[PDB]
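Coordinates as given in entry-v8.cif (mmCIF, C-alpha atoms and all ligand atoms):
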data_upload
loop_
_atom_site.label_atom_id
_atom_site.label_comp_id
_atom_site.auth_asym_id
_atom_site.auth_seq_id
_atom_site.Cartn_x
_atom_site.Cartn_y
_atom_site.Cartn_z
CA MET I 1 3.35 19.70 -113.27
CA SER I 2 3.53 23.24 -111.81
CA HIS I 3 2.55 22.53 -108.16
CA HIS I 4 4.99 23.80 -105.58
CA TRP I 5 2.96 23.45 -102.36
CA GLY I 6 4.44 21.58 -99.41
CA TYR I 7 4.96 21.76 -95.65
CA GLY I 8 7.82 24.27 -95.33
CA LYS I 9 7.61 27.86 -94.02
CA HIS I 10 7.55 29.16 -97.61
CA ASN I 11 5.05 26.69 -99.14
CA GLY I 12 3.14 25.21 -96.20
CA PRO I 13 -0.53 25.25 -95.08
CA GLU I 14 -0.70 29.04 -94.53
CA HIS I 15 0.23 29.59 -98.21
CA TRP I 16 -2.08 26.99 -99.85
CA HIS I 17 -5.06 29.32 -100.19
CA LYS I 18 -3.21 31.41 -102.80
CA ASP I 19 -3.28 28.57 -105.36
CA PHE I 20 -6.21 26.60 -103.86
CA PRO I 21 -8.74 29.17 -102.59
CA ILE I 22 -11.08 26.42 -101.34
CA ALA I 23 -8.58 26.22 -98.44
CA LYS I 24 -10.83 28.82 -96.76
CA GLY I 25 -14.04 26.91 -97.63
CA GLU I 26 -16.99 25.78 -95.55
CA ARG I 27 -16.07 22.11 -95.07
CA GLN I 28 -12.29 21.89 -94.78
CA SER I 29 -10.37 19.14 -93.01
CA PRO I 30 -8.91 18.22 -90.63
CA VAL I 31 -10.81 19.46 -87.54
CA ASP I 32 -10.55 19.13 -83.80
CA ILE I 33 -12.98 16.49 -82.53
CA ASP I 34 -14.50 17.93 -79.34
CA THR I 35 -15.62 14.65 -77.75
CA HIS I 36 -18.08 16.39 -75.40
CA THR I 37 -19.84 18.21 -78.28
CA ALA I 38 -19.98 15.26 -80.70
CA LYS I 39 -23.46 13.74 -80.60
CA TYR I 40 -24.17 10.04 -80.40
CA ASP I 41 -26.37 9.20 -83.38
CA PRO I 42 -28.16 5.85 -82.73
CA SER I 43 -29.23 5.74 -86.40
CA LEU I 44 -25.57 5.33 -87.47
CA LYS I 45 -24.72 1.83 -88.62
CA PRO I 46 -21.65 -0.25 -87.80
CA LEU I 47 -18.91 0.26 -90.29
CA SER I 48 -18.34 -2.67 -92.69
CA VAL I 49 -14.71 -3.03 -93.71
CA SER I 50 -14.25 -5.78 -96.30
CA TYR I 51 -10.53 -6.07 -97.07
CA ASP I 52 -10.09 -9.88 -97.38
CA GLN I 53 -9.62 -9.69 -101.21
CA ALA I 54 -7.47 -6.53 -101.19
CA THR I 55 -4.80 -6.35 -103.89
CA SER I 56 -1.92 -4.04 -102.96
CA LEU I 57 0.38 -3.20 -105.90
CA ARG I 58 3.02 -0.56 -105.24
CA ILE I 59 4.44 1.90 -102.74
CA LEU I 60 5.44 5.40 -103.95
CA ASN I 61 7.25 8.38 -102.39
CA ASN I 62 5.28 11.27 -103.92
CA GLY I 63 7.30 14.07 -102.30
CA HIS I 64 4.64 14.72 -99.59
CA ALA I 65 4.12 11.25 -98.11
CA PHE I 66 4.30 7.66 -99.27
CA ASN I 67 1.25 5.93 -100.76
CA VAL I 68 0.46 2.25 -100.86
CA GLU I 69 -1.70 1.74 -103.93
CA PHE I 70 -4.43 -0.89 -104.47
CA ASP I 71 -6.23 -2.33 -107.51
CA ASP I 72 -9.60 -0.55 -107.47
CA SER I 73 -10.92 -1.91 -110.78
CA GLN I 74 -13.26 -4.39 -108.97
CA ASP I 75 -14.91 -4.51 -105.51
CA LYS I 76 -11.92 -6.17 -103.80
CA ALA I 77 -11.49 -3.99 -100.74
CA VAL I 78 -14.55 -1.97 -99.83
CA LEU I 79 -15.98 0.18 -97.08
CA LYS I 80 -19.74 0.32 -96.57
CA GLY I 81 -22.19 1.04 -93.76
CA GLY I 82 -21.53 3.52 -91.00
CA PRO I 83 -22.67 6.94 -92.40
CA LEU I 84 -22.26 5.84 -96.01
CA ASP I 85 -24.79 5.15 -98.76
CA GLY I 86 -23.37 2.65 -101.22
CA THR I 87 -19.99 1.06 -101.79
CA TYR I 88 -16.60 2.73 -101.54
CA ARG I 89 -13.48 1.11 -102.98
CA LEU I 90 -10.01 1.33 -101.43
CA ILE I 91 -7.53 3.03 -103.78
CA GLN I 92 -4.59 3.89 -101.48
CA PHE I 93 -3.44 4.52 -97.95
CA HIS I 94 -0.87 6.92 -96.58
CA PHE I 95 0.21 8.51 -93.32
CA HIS I 96 0.91 11.94 -91.88
CA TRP I 97 3.47 12.24 -89.08
CA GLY I 98 5.59 14.56 -87.01
CA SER I 99 9.19 15.37 -86.21
CA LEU I 100 8.48 14.40 -82.56
CA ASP I 101 6.09 11.87 -80.99
CA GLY I 102 3.88 14.73 -79.63
CA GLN I 103 2.67 15.87 -83.06
CA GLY I 104 1.87 14.52 -86.50
CA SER I 105 -1.87 13.75 -86.62
CA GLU I 106 -4.15 15.94 -88.68
CA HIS I 107 -7.30 15.36 -86.68
CA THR I 108 -7.05 16.12 -82.99
CA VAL I 109 -9.18 14.83 -80.11
CA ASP I 110 -9.95 17.45 -77.47
CA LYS I 111 -6.88 19.23 -78.92
CA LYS I 112 -4.70 16.14 -78.36
CA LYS I 113 -2.29 15.45 -81.21
CA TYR I 114 -1.18 11.91 -81.97
CA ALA I 115 2.23 10.90 -83.36
CA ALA I 116 0.72 10.10 -86.75
CA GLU I 117 -2.50 9.44 -88.63
CA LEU I 118 -3.29 6.76 -91.22
CA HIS I 119 -5.73 7.57 -94.02
CA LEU I 120 -7.35 4.73 -95.95
CA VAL I 121 -8.81 6.43 -99.03
CA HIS I 122 -11.94 5.04 -100.70
CA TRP I 123 -14.09 6.29 -103.60
CA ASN I 124 -17.81 5.91 -104.25
CA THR I 125 -18.34 3.36 -107.02
CA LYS I 127 -21.41 5.18 -108.35
CA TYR I 128 -18.99 7.77 -109.82
CA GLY I 129 -17.05 5.20 -111.84
CA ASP I 130 -13.49 6.39 -111.16
CA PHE I 131 -11.51 8.25 -108.51
CA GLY I 132 -11.03 11.36 -110.68
CA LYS I 133 -14.81 11.77 -111.05
CA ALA I 134 -15.47 10.93 -107.38
CA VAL I 135 -13.29 13.81 -106.07
CA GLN I 136 -15.64 16.23 -107.90
CA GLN I 137 -18.64 15.11 -105.83
CA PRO I 138 -19.68 16.03 -102.26
CA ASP I 139 -20.06 12.32 -101.39
CA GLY I 140 -17.30 11.01 -103.64
CA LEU I 141 -14.76 9.83 -101.05
CA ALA I 142 -14.72 8.09 -97.69
CA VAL I 143 -11.50 8.41 -95.73
CA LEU I 144 -11.00 6.15 -92.77
CA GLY I 145 -8.66 7.88 -90.36
CA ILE I 146 -6.77 6.03 -87.64
CA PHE I 147 -4.52 7.59 -85.02
CA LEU I 148 -1.06 6.23 -84.23
CA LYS I 149 0.40 6.48 -80.74
CA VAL I 150 3.92 5.47 -79.86
CA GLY I 151 4.12 2.39 -77.64
CA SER I 152 4.27 -1.29 -78.61
CA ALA I 153 5.13 -2.16 -82.21
CA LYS I 154 2.42 -2.83 -84.76
CA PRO I 155 3.44 -6.11 -86.46
CA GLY I 156 1.17 -5.47 -89.44
CA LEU I 157 3.04 -2.22 -90.13
CA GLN I 158 6.53 -3.71 -90.24
CA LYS I 159 6.41 -4.72 -93.97
CA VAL I 160 5.82 -1.01 -94.75
CA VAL I 161 8.67 0.12 -92.46
CA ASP I 162 11.08 -2.35 -93.99
CA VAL I 163 10.52 -1.28 -97.65
CA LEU I 164 11.07 2.42 -96.99
CA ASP I 165 14.82 2.17 -97.80
CA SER I 166 13.90 1.57 -101.43
CA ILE I 167 11.72 4.73 -101.75
CA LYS I 168 13.79 7.29 -99.84
CA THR I 169 13.37 10.18 -102.31
CA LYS I 170 10.54 11.75 -104.28
CA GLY I 171 9.48 9.79 -107.36
CA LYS I 172 10.81 6.41 -106.21
CA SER I 173 8.44 3.45 -106.14
CA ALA I 174 8.73 -0.26 -105.30
CA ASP I 175 6.59 -3.35 -105.80
CA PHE I 176 4.33 -3.78 -102.76
CA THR I 177 2.16 -6.83 -103.47
CA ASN I 178 0.38 -9.07 -100.95
CA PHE I 179 0.09 -6.53 -98.17
CA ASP I 180 -2.94 -6.97 -95.90
CA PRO I 181 -4.37 -3.59 -94.74
CA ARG I 182 -6.38 -5.41 -92.07
CA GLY I 183 -3.10 -5.47 -90.11
CA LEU I 184 -3.34 -1.69 -89.62
CA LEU I 185 -6.78 -1.59 -87.89
CA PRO I 186 -7.49 -1.31 -84.12
CA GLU I 187 -9.80 -3.84 -82.38
CA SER I 188 -12.80 -1.49 -82.22
CA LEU I 189 -14.48 0.19 -85.20
CA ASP I 190 -16.25 2.84 -83.10
CA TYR I 191 -15.95 6.14 -84.94
CA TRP I 192 -16.70 9.79 -85.35
CA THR I 193 -17.95 11.14 -88.68
CA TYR I 194 -18.35 14.56 -90.34
CA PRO I 195 -18.35 16.04 -93.88
CA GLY I 196 -14.99 17.45 -94.95
CA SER I 197 -12.22 17.74 -97.52
CA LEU I 198 -8.94 16.37 -98.77
CA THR I 199 -6.26 17.59 -96.34
CA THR I 200 -3.76 18.35 -99.13
CA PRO I 201 -4.15 20.44 -102.28
CA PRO I 202 -6.40 20.45 -104.17
CA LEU I 203 -8.38 20.46 -100.85
CA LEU I 204 -11.58 19.35 -102.62
CA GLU I 205 -14.69 19.13 -100.44
CA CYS I 206 -15.58 15.57 -101.37
CA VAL I 207 -14.86 13.52 -98.20
CA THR I 208 -17.01 11.77 -95.66
CA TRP I 209 -14.54 11.48 -92.79
CA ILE I 210 -14.72 8.42 -90.58
CA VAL I 211 -12.22 8.74 -87.72
CA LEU I 212 -11.79 5.75 -85.44
CA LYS I 213 -11.87 6.36 -81.68
CA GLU I 214 -9.26 3.71 -80.84
CA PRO I 215 -5.64 4.48 -81.85
CA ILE I 216 -3.23 1.84 -82.97
CA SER I 217 0.13 1.55 -81.20
CA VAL I 218 3.39 1.60 -83.17
CA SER I 219 6.91 1.54 -81.84
CA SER I 220 9.32 4.43 -81.55
CA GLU I 221 11.54 2.69 -84.09
CA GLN I 222 8.68 2.30 -86.60
CA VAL I 223 7.83 6.00 -86.68
CA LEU I 224 11.57 6.88 -86.53
CA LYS I 225 11.96 5.18 -89.92
CA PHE I 226 9.17 7.26 -91.43
CA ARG I 227 11.15 10.40 -90.48
CA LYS I 228 14.19 9.22 -92.50
CA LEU I 229 12.30 9.57 -95.79
CA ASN I 230 12.99 12.63 -97.92
CA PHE I 231 10.66 15.22 -99.44
CA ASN I 232 13.29 15.94 -102.11
CA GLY I 233 14.34 14.00 -105.19
CA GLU I 234 17.65 12.17 -105.55
CA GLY I 235 20.55 14.61 -106.04
CA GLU I 236 18.66 17.51 -104.43
CA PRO I 237 19.37 18.98 -100.96
CA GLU I 238 18.15 16.55 -98.31
CA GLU I 239 14.99 17.60 -96.53
CA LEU I 240 13.62 15.06 -94.06
CA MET I 241 10.01 14.09 -94.60
CA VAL I 242 8.54 15.17 -91.25
CA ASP I 243 5.60 17.32 -90.15
CA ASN I 244 3.58 16.54 -93.32
CA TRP I 245 0.32 17.44 -91.52
CA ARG I 246 -2.21 20.20 -91.99
CA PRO I 247 -3.49 21.76 -88.73
CA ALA I 248 -7.11 21.75 -87.62
CA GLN I 249 -9.45 23.96 -89.60
CA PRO I 250 -12.63 25.79 -88.51
CA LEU I 251 -15.62 23.52 -87.96
CA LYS I 252 -18.02 26.19 -89.24
CA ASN I 253 -21.52 24.92 -89.75
CA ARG I 254 -20.84 21.24 -89.13
CA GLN I 255 -21.72 18.66 -86.48
CA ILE I 256 -19.50 15.70 -85.66
CA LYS I 257 -21.49 12.55 -84.97
CA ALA I 258 -20.38 9.62 -82.81
CA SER I 259 -21.28 5.98 -83.45
CA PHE I 260 -20.89 5.20 -79.72
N1 LIG S 301 -5.67 1.24 -108.84
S1 LIG S 301 -4.27 1.81 -109.38
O1 LIG S 301 -4.39 1.93 -110.82
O2 LIG S 301 -3.22 1.00 -108.82
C1 LIG S 301 -4.11 3.45 -108.75
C2 LIG S 301 -4.09 4.52 -109.63
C3 LIG S 301 -3.85 5.79 -109.14
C4 LIG S 301 -3.63 6.01 -107.79
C5 LIG S 301 -3.34 7.39 -107.26
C6 LIG S 301 -4.60 8.12 -106.96
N2 LIG S 301 -4.39 9.52 -106.64
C7 LIG S 301 -4.37 9.93 -105.35
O3 LIG S 301 -4.49 9.11 -104.43
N3 LIG S 301 -4.24 11.28 -105.14
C8 LIG S 301 -4.25 11.89 -103.81
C9 LIG S 301 -5.58 12.61 -103.49
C10 LIG S 301 -5.82 12.68 -102.00
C11 LIG S 301 -5.40 13.78 -101.28
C12 LIG S 301 -5.58 13.86 -99.91
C13 LIG S 301 -6.20 12.81 -99.25
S2 LIG S 301 -6.36 12.87 -97.50
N4 LIG S 301 -5.04 13.41 -96.80
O4 LIG S 301 -7.36 13.91 -97.21
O5 LIG S 301 -6.70 11.55 -97.02
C14 LIG S 301 -6.64 11.69 -99.95
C15 LIG S 301 -6.45 11.64 -101.32
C16 LIG S 301 -3.65 4.92 -106.93
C17 LIG S 301 -3.89 3.64 -107.40
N1 LIG S 302 6.37 31.22 -102.63
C1 LIG S 302 7.11 30.01 -103.08
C2 LIG S 302 6.46 29.39 -104.29
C3 LIG S 302 5.09 28.88 -103.93
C4 LIG S 302 4.67 28.88 -102.61
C5 LIG S 302 3.45 28.35 -102.25
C6 LIG S 302 2.64 27.81 -103.23
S1 LIG S 302 1.07 27.16 -102.78
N2 LIG S 302 0.01 28.42 -102.76
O1 LIG S 302 0.63 26.31 -103.82
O2 LIG S 302 1.17 26.71 -101.45
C7 LIG S 302 3.04 27.79 -104.55
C8 LIG S 302 4.26 28.33 -104.89
ZN ZN S 303 -4.10 12.09 -95.67
#

Using structure tokens, write down the structure from this file.
Amino acid sequence: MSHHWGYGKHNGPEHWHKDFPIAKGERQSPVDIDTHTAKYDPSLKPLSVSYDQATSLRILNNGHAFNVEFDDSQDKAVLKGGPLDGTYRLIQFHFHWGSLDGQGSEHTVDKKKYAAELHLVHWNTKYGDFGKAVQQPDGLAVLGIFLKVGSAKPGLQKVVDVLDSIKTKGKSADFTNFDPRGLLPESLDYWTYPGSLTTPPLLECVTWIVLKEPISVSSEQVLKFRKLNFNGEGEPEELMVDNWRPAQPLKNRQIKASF
């Protein structure tokens, strides 16, 4: 209830360390993915994304992004394989995006920034709940997918269309029967490395799995994201744009490629 971090000049990423000192830790995210330096690891398995029984529930403007929430009280939508040991359940997805099409992703690829990045957040079932999982070094698996501006993504349009009902911080709307499979690219080739949450509390609990193939969305789709507000109703309007943390030092990590 006393958090005041954000993405402005007075409360943005350069300030976070003062309340969340792990911001300067050894495994922070995001990072630049240097594609030449990433090593192909033949021992990596194909990723297994099982989203057929996914149960979406609600979409919320939380003042930083919007989250689409899922029932995670059974193994309904799970991620396994790839670099992972065990079963990770989908709890929510959200995006980060820019004020312009040339920025907005958190991860970069040879310093290239995409217009946005989707994060599908999953927690390791051996830890019993999400709150316990974020306290463990292998507690979360975040599947990251880049968005480039081009052709529309039909499977995104239900999200775009509901955004009028959650314009300001604290607003939510029913968001049942949404299929997250509609947000994936054709290929599940990926990079992986150990990292962190990219927002406070910046906990170092994430296995990052970043897909190589971007999805394409239209100019009009991402334009609608930028009409959301960071502020609550009745407060000065601040457009929800540039809700991305920049790349952090790789330090003593190696990024592995599945391909
Ligand atoms: N099942 S339920 O009862 O409907 C249900 C109950 C609760 C919830 C919200 C979970 N809390 C959450 O997602 N916090 C953000 C932490 C975070 C920060 C940063 C990243 S990031 N940017 O690194 O991916 C990922 C996650 C959802 C659904
Ligand atoms: N200085 C404005 C108030 C304020 C700024 C930044 C943060 S932080 N460290 O959580 O990003 C908290 C409060
Ligand atoms: Zn995120």

To check your reading of the model: which residues sit at most 12 Å from ligand LIG 302 (chain S) when counting only C-alpha atoms and all ligand atoms? Write the answer as a PyMOL selection string. chain I and resi 1-23+200-203+246

At a cut-off of 7 Å and counting all atoms listed in the file, what residues surround ligand LIG 301 (chain S)? Please answer as a count of residues only. 17

Interatomic distance (Å, one decimal) between CA of residue 219 in chain I and CA of residue 146 in chain I: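 We find that CA of residue 219 in chain I and CA of residue 146 in chain I lie 15.5 Å from each other.
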
Contacts of range 129-133 of chain I within 12 Å, only C-alpha atoms, excl. fewer than 3 positions in-chain, as a list in words: residues 71, 72, 73, 74, 75, 87, 88, 89, 90, 91, 92, 121, 122, 123, 124, 125, 136, 137, 138, 139, 140, 141, 142, 204 and 206 of chain I

So how many Å separate CA of residue 76 in chain I and CA of residue 180 in chain I, to one decimal? 12.0 Å

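Nearest residue to residue 244 in chain I, choosing from I:173, I:103, I:220, I:29 and counting only C-alpha atoms: I:103.
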
So how far away is CA of residue 205 in chain I from CA of residue 30 in chain I, in Å?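 Computing the Euclidean distance for CA of residue 30 in chain I and CA of residue 205 in chain I yields 11.4 Å.
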
Give me the residues near residue 51 in chain I as an mmCIF file with C-alpha atoms, in the coordinates of the input, where near means some atom within 7 Å (using all atoms listed in the file) and where sequence neighbours in that chain fewer than 5 positions away do not count.
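Contents of out-v8.cif, as written:
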data_model
loop_
_atom_site.group_PDB
_atom_site.id
_atom_site.type_symbol
_atom_site.label_atom_id
_atom_site.label_comp_id
_atom_site.auth_asym_id
_atom_site.auth_seq_id
_atom_site.Cartn_x
_atom_site.Cartn_y
_atom_site.Cartn_z
ATOM 1 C CA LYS I 76 -11.920 -6.170 -103.800
ATOM 2 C CA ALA I 77 -11.490 -3.990 -100.740
ATOM 3 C CA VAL I 78 -14.550 -1.970 -99.830
ATOM 4 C CA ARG I 182 -6.380 -5.410 -92.070
#

Need to verify the contact set: residue 63 in chain I, 10 Å, only C-alpha atoms, exclusion of same-chain residues closer than 3 positions in sequence. Can you return it as a PyMOL selection string? chain I and resi 6+60+66+168-172+229-233+241

Which polymer residues have any atom within 12 Å of an atom of range 256-259 of chain I, counting only C-alpha atoms, with same-chain residues fewer than 3 positions away left out, as a PDB file with C-alpha atoms, in the coordinates of the input?
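Result saved to part30.pdb:
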ATOM      1  CA  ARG I  27     -16.070  22.110 -95.070  1.00  0.00           C
ATOM      2  CA  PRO I  30      -8.910  18.220 -90.630  1.00  0.00           C
ATOM      3  CA  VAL I  31     -10.810  19.460 -87.540  1.00  0.00           C
ATOM      4  CA  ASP I  32     -10.550  19.130 -83.800  1.00  0.00           C
ATOM      5  CA  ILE I  33     -12.980  16.490 -82.530  1.00  0.00           C
ATOM      6  CA  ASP I  34     -14.500  17.930 -79.340  1.00  0.00           C
ATOM      7  CA  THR I  35     -15.620  14.650 -77.750  1.00  0.00           C
ATOM      8  CA  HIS I  36     -18.080  16.390 -75.400  1.00  0.00           C
ATOM      9  CA  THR I  37     -19.840  18.210 -78.280  1.00  0.00           C
ATOM     10  CA  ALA I  38     -19.980  15.260 -80.700  1.00  0.00           C
ATOM     11  CA  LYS I  39     -23.460  13.740 -80.600  1.00  0.00           C
ATOM     12  CA  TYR I  40     -24.170  10.040 -80.400  1.00  0.00           C
ATOM     13  CA  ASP I  41     -26.370   9.200 -83.380  1.00  0.00           C
ATOM     14  CA  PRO I  42     -28.160   5.850 -82.730  1.00  0.00           C
ATOM     15  CA  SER I  43     -29.230   5.740 -86.400  1.00  0.00           C
ATOM     16  CA  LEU I  44     -25.570   5.330 -87.470  1.00  0.00           C
ATOM     17  CA  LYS I  45     -24.720   1.830 -88.620  1.00  0.00           C
ATOM     18  CA  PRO I  46     -21.650  -0.250 -87.800  1.00  0.00           C
ATOM     19  CA  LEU I  47     -18.910   0.260 -90.290  1.00  0.00           C
ATOM     20  CA  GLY I  81     -22.190   1.040 -93.760  1.00  0.00           C
ATOM     21  CA  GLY I  82     -21.530   3.520 -91.000  1.00  0.00           C
ATOM     22  CA  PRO I  83     -22.670   6.940 -92.400  1.00  0.00           C
ATOM     23  CA  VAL I 109      -9.180  14.830 -80.110  1.00  0.00           C
ATOM     24  CA  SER I 188     -12.800  -1.490 -82.220  1.00  0.00           C
ATOM     25  CA  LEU I 189     -14.480   0.190 -85.200  1.00  0.00           C
ATOM     26  CA  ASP I 190     -16.250   2.840 -83.100  1.00  0.00           C
ATOM     27  CA  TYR I 191     -15.950   6.140 -84.940  1.00  0.00           C
ATOM     28  CA  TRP I 192     -16.700   9.790 -85.350  1.00  0.00           C
ATOM     29  CA  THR I 193     -17.950  11.140 -88.680  1.00  0.00           C
ATOM     30  CA  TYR I 194     -18.350  14.560 -90.340  1.00  0.00           C
ATOM     31  CA  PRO I 195     -18.350  16.040 -93.880  1.00  0.00           C
ATOM     32  CA  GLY I 196     -14.990  17.450 -94.950  1.00  0.00           C
ATOM     33  CA  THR I 208     -17.010  11.770 -95.660  1.00  0.00           C
ATOM     34  CA  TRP I 209     -14.540  11.480 -92.790  1.00  0.00           C
ATOM     35  CA  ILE I 210     -14.720   8.420 -90.580  1.00  0.00           C
ATOM     36  CA  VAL I 211     -12.220   8.740 -87.720  1.00  0.00           C
ATOM     37  CA  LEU I 212     -11.790   5.750 -85.440  1.00  0.00           C
ATOM     38  CA  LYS I 213     -11.870   6.360 -81.680  1.00  0.00           C
ATOM     39  CA  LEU I 251     -15.620  23.520 -87.960  1.00  0.00           C
ATOM     40  CA  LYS I 252     -18.020  26.190 -89.240  1.00  0.00           C
ATOM     41  CA  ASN I 253     -21.520  24.920 -89.750  1.00  0.00           C
TER      42      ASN I 253
END

Pick from I:106, I:162, I:85, I:101 nearest to ligand ZN 303 (chain S), counting only C-alpha atoms and all ligand atoms: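 With only C-alpha atoms and all ligand atoms as the atom set, the closest residue is I:106.
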
Range 123-175 of chain I written out with C-alpha atoms as an mmCIF file, in the first residue's frame:
data_model
loop_
_atom_site.group_PDB
_atom_site.id
_atom_site.type_symbol
_atom_site.label_atom_id
_atom_site.label_comp_id
_atom_site.auth_asym_id
_atom_site.auth_seq_id
_atom_site.Cartn_x
_atom_site.Cartn_y
_atom_site.Cartn_z
ATOM 1 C CA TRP I 123 4.944 -20.627 -11.301
ATOM 2 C CA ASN I 124 6.535 -23.904 -10.248
ATOM 3 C CA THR I 125 3.884 -26.174 -8.754
ATOM 4 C CA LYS I 127 6.332 -27.724 -6.287
ATOM 5 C CA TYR I 128 6.099 -24.450 -4.309
ATOM 6 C CA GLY I 129 2.330 -24.661 -3.892
ATOM 7 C CA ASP I 130 1.393 -21.026 -4.608
ATOM 8 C CA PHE I 131 2.683 -18.021 -6.527
ATOM 9 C CA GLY I 132 3.628 -16.084 -3.376
ATOM 10 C CA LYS I 133 5.936 -18.904 -2.238
ATOM 11 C CA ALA I 134 7.316 -19.470 -5.753
ATOM 12 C CA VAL I 135 8.624 -15.872 -6.086
ATOM 13 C CA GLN I 136 10.866 -16.564 -3.046
ATOM 14 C CA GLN I 137 12.712 -19.365 -4.859
ATOM 15 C CA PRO I 138 15.497 -19.211 -7.493
ATOM 16 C CA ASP I 139 13.515 -21.585 -9.753
ATOM 17 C CA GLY I 140 10.044 -20.424 -8.750
ATOM 18 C CA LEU I 141 8.880 -18.768 -11.982
ATOM 19 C CA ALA I 142 9.102 -19.340 -15.724
ATOM 20 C CA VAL I 143 8.316 -16.333 -17.874
ATOM 21 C CA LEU I 144 7.742 -16.898 -21.551
ATOM 22 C CA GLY I 145 8.638 -13.711 -23.367
ATOM 23 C CA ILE I 146 7.440 -12.951 -26.888
ATOM 24 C CA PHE I 147 8.357 -9.910 -28.957
ATOM 25 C CA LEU I 148 5.765 -7.835 -30.814
ATOM 26 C CA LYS I 149 6.606 -6.089 -34.071
ATOM 27 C CA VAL I 150 4.250 -3.759 -35.871
ATOM 28 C CA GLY I 151 2.963 -5.135 -39.163
ATOM 29 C CA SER I 152 -0.093 -7.298 -39.859
ATOM 30 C CA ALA I 153 -2.751 -7.569 -37.160
ATOM 31 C CA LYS I 154 -2.757 -10.452 -34.702
ATOM 32 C CA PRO I 155 -6.357 -11.770 -34.726
ATOM 33 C CA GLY I 156 -5.889 -13.571 -31.412
ATOM 34 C CA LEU I 157 -5.008 -10.255 -29.758
ATOM 35 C CA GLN I 158 -8.108 -8.357 -30.864
ATOM 36 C CA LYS I 159 -10.347 -9.510 -27.939
ATOM 37 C CA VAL I 160 -7.773 -7.898 -25.591
ATOM 38 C CA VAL I 161 -7.640 -4.673 -27.639
ATOM 39 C CA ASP I 162 -11.409 -4.386 -27.714
ATOM 40 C CA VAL I 163 -11.923 -4.656 -23.906
ATOM 41 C CA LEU I 164 -9.393 -1.960 -23.041
ATOM 42 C CA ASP I 165 -12.076 0.790 -23.053
ATOM 43 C CA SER I 166 -13.529 -0.748 -19.909
ATOM 44 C CA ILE I 167 -10.222 -0.676 -17.939
ATOM 45 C CA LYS I 168 -8.818 2.720 -18.923
ATOM 46 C CA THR I 169 -7.633 3.775 -15.442
ATOM 47 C CA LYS I 170 -5.772 2.187 -12.546
ATOM 48 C CA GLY I 171 -7.840 -0.191 -10.440
ATOM 49 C CA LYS I 172 -10.457 -0.972 -13.096
ATOM 50 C CA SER I 173 -11.118 -4.592 -13.995
ATOM 51 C CA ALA I 174 -13.490 -6.439 -16.342
ATOM 52 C CA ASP I 175 -14.613 -10.030 -16.832
#
